[PDB]
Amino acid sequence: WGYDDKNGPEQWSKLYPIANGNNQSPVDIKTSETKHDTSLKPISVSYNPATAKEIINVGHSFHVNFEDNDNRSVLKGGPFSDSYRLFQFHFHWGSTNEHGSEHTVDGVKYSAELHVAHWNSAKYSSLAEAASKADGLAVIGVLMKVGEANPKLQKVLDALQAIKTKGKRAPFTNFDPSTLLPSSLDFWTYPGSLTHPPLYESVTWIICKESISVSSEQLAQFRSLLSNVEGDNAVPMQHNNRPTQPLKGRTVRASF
């Protein structure tokens, strides 16, 4: 599996039949059809920077991992009744600076997208277990619009120099991912899935209404990592976004 012609999104079904499921992500959010739900509570994030652990190149992308052995960093509120433990944040981008998000809004594709993932620690024993359950994961997706440079990304960009090829990892500490969210946390939520294999339909999506910025040169930096192991010929991490999937009867609720 990858994002190329040969093993990209259009082929994934050949291997993960769930790819053609009824709860696949991302989806296009048609704002004229979302449903206002008055039961939705404000999302509340309480992250501890001491939980930041490492940054790693996984080939198709890079992940920032957190210690998830306790409830030091959690997500609460929104559609939830239990708290979700923060385990990772990562990005999605495309081959062009203009079109690279996963989710679309009124058929408009953004430049990139941030995913802040958490697992249901109230109901499950570990992410492994939680990852395939319907209520296992909660992911906040934040849409990024190409424009002004965002100084909040700097620590992440700097870290990149050290995880240039596949399989490299570097300590990454004292960092609060909440510094990356927009100022207002109004949102849309829908039942969905992982946006790449294994594609489990285990995610409760929290899409921020407000987007954050990023510049061309910042995106170019993501695009500069390599999918190859060190010493092999260079193959750039050109894009890692999946096309939107049919809603198939699902409802997108808005907290506003």
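Numbers for residues come from their place in the sequence shown, where the first is 1. Here the rigid core means the biggest group of C-alpha atoms that line up within 1.5 Å when the two forms are laid on top of each other.
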Exercise. Comparing C-alpha positions in 8 other deposited structures of this protein against this form, with the rigid core used for the fit, which stretch differs more, 179 to 187 or 92 to 100?
Worked result: 92 to 100
For this session: Tell me which of 210 to 218 and 27 to 35 has the higher mean C-alpha B-factor in the deposited entry.
Result: 27 to 35
Exercise. Per the entry, where is the mean C-alpha temperature factor higher: 224 to 232 or 65 to 73?
Worked result: 65 to 73
Problem set entry | Top residue by Cα temperature factor, when 104, 95, 178, 183 are compared in the entry | 183
Exercise. Per the entry, which of 196, 53, 60, 41 tops the list for Cα B factor?
Worked result: 41
For this session: For residue 99, return the chain-relative third of its C-alpha B-factor as stated in the PDB record: lowest, middle or highest.
Result: highest
Exercise. Thinking about Cα B factors across the chain, which third does residue 152 belong to?
Worked result: highest
Exercise. So where's residue 125 on the chain's Cα temperature factor ranking, which third?
Worked result: highest
Exercise. C-alpha B factor of residue 134, ranked within the chain: lowest, middle or highest third?
Worked result: middle
Exercise. In terms of the CA temperature factor given in the entry, to which third of its chain does residue 167 belong: lowest, middle or highest?
Worked result: middle
